[PDB]
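Only one structure is covered here, and it is reproduced in the block below.
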Amino acid sequence: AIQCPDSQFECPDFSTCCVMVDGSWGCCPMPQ
């Protein structure tokens, strides 16, 4: 569970900190 700048939330070890096309941040599942 690490943080990520330009964001107001955090992400767990289940998903990394990524972004979307809309313009908002979010934790996306790591590429397996």
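Chain A is numbered as in Swiss-Prot; shown residues: 123-154, in order.
Backbone N, Cα and C define each Cβ position, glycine as well.
Annotation comment: Swiss-Prot describes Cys126-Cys139 (among others) as disulfide bond. DSSP assigns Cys139 (disulfide bond) to a strand in the three-state reduction. Its own atom aside, the Cβ of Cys139 (disulfide bond) has 17 Cβ atoms within 10 angstroms in the protein chains shown.
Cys133 (disulfide bond) falls within a strand when secondary structure is assigned with DSSP. Close to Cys133 (disulfide bond) in the fold, though at least 6 residues off in sequence, lie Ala123, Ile124, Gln125, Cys126, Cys139, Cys149, each with a CB less than 8 Å from its CB. The disulfide bond annotation in Swiss-Prot covers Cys133-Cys149 (among others), and the record cites experimental evidence as its basis.
A simple way to gauge crowding: the CB of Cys126 (disulfide bond) has 14 other CB atoms within 10 angstroms, across all the protein chains here. Counting Cβ atoms from all protein chains shown, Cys149 (disulfide bond) has 17 others lying within 10 Å of its own Cβ.
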